[PDB]
Amino acid sequence: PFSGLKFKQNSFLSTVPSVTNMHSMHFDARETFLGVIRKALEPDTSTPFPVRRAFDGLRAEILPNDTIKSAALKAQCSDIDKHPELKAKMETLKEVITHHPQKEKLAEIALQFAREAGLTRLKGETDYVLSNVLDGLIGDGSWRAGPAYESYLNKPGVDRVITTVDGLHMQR
Amino acid sequence: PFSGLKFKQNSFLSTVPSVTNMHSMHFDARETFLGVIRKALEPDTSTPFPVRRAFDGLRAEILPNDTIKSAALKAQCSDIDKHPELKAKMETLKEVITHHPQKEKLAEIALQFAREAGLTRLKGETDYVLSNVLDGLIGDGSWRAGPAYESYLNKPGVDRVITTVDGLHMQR
Amino acid sequence: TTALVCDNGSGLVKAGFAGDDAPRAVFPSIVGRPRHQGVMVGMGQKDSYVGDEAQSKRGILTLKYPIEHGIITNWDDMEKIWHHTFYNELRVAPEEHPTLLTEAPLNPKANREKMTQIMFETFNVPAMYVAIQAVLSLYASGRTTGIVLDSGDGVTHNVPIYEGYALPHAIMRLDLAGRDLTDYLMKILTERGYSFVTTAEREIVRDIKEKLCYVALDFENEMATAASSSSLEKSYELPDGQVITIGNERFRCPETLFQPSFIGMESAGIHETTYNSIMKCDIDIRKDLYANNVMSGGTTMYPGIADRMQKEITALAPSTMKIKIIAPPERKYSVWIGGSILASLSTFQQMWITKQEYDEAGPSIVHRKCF
Amino acid sequence: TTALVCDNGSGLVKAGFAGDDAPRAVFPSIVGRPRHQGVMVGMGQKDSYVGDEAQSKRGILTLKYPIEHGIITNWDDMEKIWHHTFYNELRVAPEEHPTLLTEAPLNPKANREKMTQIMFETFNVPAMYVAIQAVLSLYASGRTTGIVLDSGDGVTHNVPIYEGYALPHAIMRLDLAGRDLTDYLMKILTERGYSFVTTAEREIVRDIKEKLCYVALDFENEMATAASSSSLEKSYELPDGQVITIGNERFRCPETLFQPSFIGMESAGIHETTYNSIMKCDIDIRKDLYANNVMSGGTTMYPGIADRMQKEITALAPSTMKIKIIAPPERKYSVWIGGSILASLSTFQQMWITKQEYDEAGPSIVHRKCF
Amino acid sequence: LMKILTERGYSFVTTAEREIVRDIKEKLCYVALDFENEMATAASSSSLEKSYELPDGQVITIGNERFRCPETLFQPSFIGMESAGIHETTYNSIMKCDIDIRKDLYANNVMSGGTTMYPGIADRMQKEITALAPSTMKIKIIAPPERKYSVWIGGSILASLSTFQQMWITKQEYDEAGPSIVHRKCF
Ligand SMILES: Nc1ncnc2c1ncn2[C@@H]1O[C@H](COP(=O)(O)OP(=O)(O)O)[C@@H](O)[C@H]1O
Ligand SMILES: Nc1ncnc2c1ncn2[C@@H]1O[C@H](COP(=O)(O)OP(=O)(O)O)[C@@H](O)[C@H]1O
Ligand SMILES: Nc1ncnc2c1ncn2[C@@H]1O[C@H](COP(=O)(O)OP(=O)(O)O)[C@@H](O)[C@H]1O
Ligand SMILES: [Mg+2]
Ligand SMILES: [Mg+2]
């Protein structure tokens, strides 16, 4: 339905935030991430006008840049089974996202948020709009399992290393 | 003998090279400058045919285009006191050069060649054919001194400036 | 109702009401987001800052310009900029006022179609019109004949107008403006040991350029003068208390306007561009064009640039012609003043692109009713 | 007479004779002074130590690097290293051999002017010359076209050259190199209880980084693997006999080269800079530059970095072009190797800056005969 | 074409870019039989659009610029010139000759040179001249495939005809008459 849709090569590099800023206290891991995807799907001028107009309107309803619209959409997105059009509408975004020529770069960016910002903390109880977007990026759906963080409280390589400064002041 | 010699206003603009090419490792500032001067004195159609031809012959003898001709002229010009005809021809060239309507642009181009590419690095030991040409473009004769470059070792400002990037990797 | 005029330039936004003599809101067009990780609850709660607020907090933000060379490249940031201009600076509802926008000539056609769409859908303006910046600059000069050299932050363009008729085949455009000069000044400031790499330091360099740069009448003699003594050296204080001193860099940076080969570009200088644009007109209007050079834009107020431009054109033009440069002191706002005048004329109220006319034709309507 | 090539890097000093294949002397560029009071008389005590001898006694010394971020800071210490280089390492007299020096691009002009004065007066060399390090790297590779990424201890820079012609407006520089990584590793090693504060211990950490760190092809996947099992853990033996074990710190340290935001830098990674450098060149030479990425310097010796750069550049470049990364096994000495070749060219012998020329023009002559 | 490719965000300003745009014009442009009709079709669908690969790997697509660029041959008003189109110039060129040879000159339109190589330009020429010409007269366009080198082929013919070796100019003649001899001996 959207054949011949072209995209800019690096239009989504300037939107990803700083790696440090992904550790802020009042940081948003969903609104920022969707904004990155929203800029990634923008059709360039090379796309013909009739095809370009169709996609723009659809993106303004599933990936809006505003906050009030996103909040209102998220309210009806939890119980998605009562909106058959939204199920069919978003199902279109499955095919375009997985056919995006920059799919791999977005996936590496997508996992960057998961490792640090943690947008997939609910690991299965993710919003229908957000979980479905991630399915296009990675088809296995393994992101629901877990980002595989490290725990080393046991610390099998126990150190007990005394350095120069530690040598100056040491008890016992 | 050369009355009414009219020239194109912007004939020599297309010949002057870019500033970045002046600092080329293998750049003949002398030959490029003489080519610019040669283009600057091209007789136009408005000039009557006999004087046009005469000036073309004089220009070909004094300002050729072949490398071998330029080298031979320079070699034979070292001991110029034995060729009074060359003296007369060079004086006639000076007289028409000094009345060029575009003298100011030619003078500033000569100064740019001297400063950037070092047209006159011998500061008074320059070739005779260059000496009279430069004297025509600039009559003060001050080009014997030099471009008067700048120096930074006098420490007019003690510096000690530490910006953002320099403040991170600060030693001592 | 009162019209609105909004000159979304490459570097600064000028806005105000039609019929006023000066803009009411002037703020830099930058949108910044934090780049460090916040730690205090209840204090870090915003996502992005717009305009002067981004300038004040530039120490912990990444400043991005939503316009690059007169062409809009980040449309969400542009939506934020327009929203801020309409609501927080002018405090008006755009749904009750027609708007007049500005654009450089030879701009991609998609750029103005999206402007029309954003105005007619997101903000729901009753009507809007797009005008060429250089033409408006001539309105705010009390003239109907001349060649306009407009040079802002992104685009330097020439538009020759004779007796109200434009010669589009003689319109010259050049991508060399204030931002390129700031970048060049940043590049050559490292010769004295001052290194600026971040966006905030880019703003610092831009302020230094605005405050300490001037155009030399004769470049080579000026270079000798600065290299022989210390008369031209001046001191500037960085915001942290450090002091920097610059020398020939004062007049080397604006020199790229006349010799674009410094920054690797092949195009000719602004004077040669002006001469070429004039020489492409009809032979019977060159005499009037030489006498009515109009200069406008922020890049135009380097001290002494008018004299240098006049000298260069005099060298390029025939002797019998009279070269006159017109540089009014208010040329930072000539485009905006002209836009205010044009929207205030009684003969202009029939050329607005109305809401109904856009619905019938689509975004392609802005190509027909506008030049 | 035989020419001398002395590459004053930020970390190491590479010296030798032109025409040789490898530098004869490679010693660290540190100067150490004691920080305790001597009590035992009758044995030779020196106020300072230079080079390897300073390393062997680093338990009692305070080591200082007389070069930082590519610019020489402590001139008195810098003079000592040259004196050590000419007399104790090379066993030669500088009054007889010409010397060729190296310098990073975009350094302050005061740095190279002093290098002329300290060699024509303090050591009285017959002649000298200063060359761009990136260009010398290309000479050793036996090419005449490509884009050079030289990253040493202090400065990472790019210099694209086409058919022996450079594009100065396309030269990029970053102050992000091995010394910055060593400081980063010394910080994240505090996560497991390892503390290193003294300059003596920074040398230990610098050795840990060399023998254990590597660049992962995918950062996320590697992070999950190291967090899942203990496959990536490796052991190191400290000089006092204590043993340390590190896991994911092995590939987190060199990742800063691709994500500079770890250390607070706002600049982009090296792969984006290399791509950004190419796009500043002309359209007809981008095809050759993609296939001739040349690397040199110690910071490039990480295992797997060539593959990671190969993967990243491909994504930003169009699908049609072919990306080839050139990493010769001896690229740690590429700059010096090219230096020996260049000083051995018969054509190059006309470009020296002789002693006679310096006395006529002064230290400023180095700005004209040297790029 | 350079001034018109800016309408899609493509910018070309340097001489190497000049050669690139010239190559695009050679390889993609064509002359539309009805400019007004073709302009509607291009704005209606995307059948006319094609793709070209820039030397550095970027891909550009051009639409109505395919036939708006060569239209300047028929409407020099596009680049601001007051002169008339090439078809009307050819028509005027015939009406300035004697009445008895107009019939033959309608039937022998010979065209040559690279700019004449556009696909369909012969048919547009034929249609325009037929529109200008009287209804009885027969308009025939002769467009040999090698017309890109017609001038050189004609030079080769004329330099090999026997009756030509007496129309040369020789150094001995040059020395006597000077450079002015060229107007007297040649046309
Ligand atoms: N006094 C000044 N001297 C030199 N440059 C200036 C001065 N004032 C402003 N500028 C420069 O002019 C540039 C463009 O200003 P402006 O005319 O507002 O651009 P635009 O036309 O895009 O709105 C700014 O980037 C600024 O650096
Ligand atoms: N095998 C290696 N793996 C990782 N880093 C290395 C290796 N060998 C050397 N280095 C690092 O490279 C840095 C710079 O070395 P060098 O190339 O001599 O720099 P310069 O160009 O300044 O002389 C050193 O600080 C060192 O830590
Ligand atoms: N196949 C083609 N289609 C369209 N234009 C062409 C073609 N081949 C050549 N041209 C145009 O013809 C011009 C010159 O061709 P040519 O007839 O050799 O010129 P000249 O007669 O001056 O030698 C070129 O600028 C090119 O734009
Ligand atoms: Mg403006
Ligand atoms: Mg080095």
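First residue shown is number 1, and so on along the chain.
The header says electron microscopy, 3.2 Å.
Every residue gets a Cβ built from N, Cα and C, even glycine.
Residue annotated by Swiss-Prot as tele-methylhistidine (from the set D:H36, D:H69, D:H157): D:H69. Looking at D:328-340, D:354-366, the stretch flagged in Swiss-Prot as region 'Interaction with alpha-actinin' turns out to be D:354-366. Swiss-Prot lists region 'Interaction with alpha-actinin' at one of the ranges D:106-119, D:218-231, D:246-259, D:260-273, namely D:106-119. Here the C-alpha separation of D:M43 (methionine (R)-sulfoxide) and D:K57 (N6-malonyllysine) works out to 15 Å. Long-range Cβ contacts of D:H69 (tele-methylhistidine) within its own chain (separation 6+, distance under 8 Å): D:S10, D:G154, D:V155, D:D175. You'll find the Cα of D:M40 (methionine (R)-sulfoxide) roughly 16 Å from the Cα of D:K57 (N6-malonyllysine). For the pair formed by D:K57 (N6-malonyllysine) and D:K80 (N6-methyllysine), distance between Cα atoms is given as 18 Å, rounded to the nearest Å. The two recorded residues, D:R173 (ADP-ribosylarginine) and D:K80 (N6-methyllysine), show a Cα separation of 28 Å. DSSP assigns D:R173 (ADP-ribosylarginine) to a strand. Every protein chain considered, the tally of other Cβ atoms within 10 Å of the Cβ of D:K57 (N6-malonyllysine) stands at 14. Residues within less than 8 Å, Cβ to Cβ, of D:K80 (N6-methyllysine) and separated from it by at least 6 positions along the same chain comprise D:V31, D:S48, D:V50.
For D:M40 (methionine (R)-sulfoxide), other Cβ atoms within 10 Å of its Cβ number 6.
DSSP assigns D:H69 (tele-methylhistidine) to coil in the three-state reduction, outside any helix or strand.
Counting other C-beta atoms within 10 Å of each candidate's C-beta, the modified residues D:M43, D:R173 are led by D:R173.
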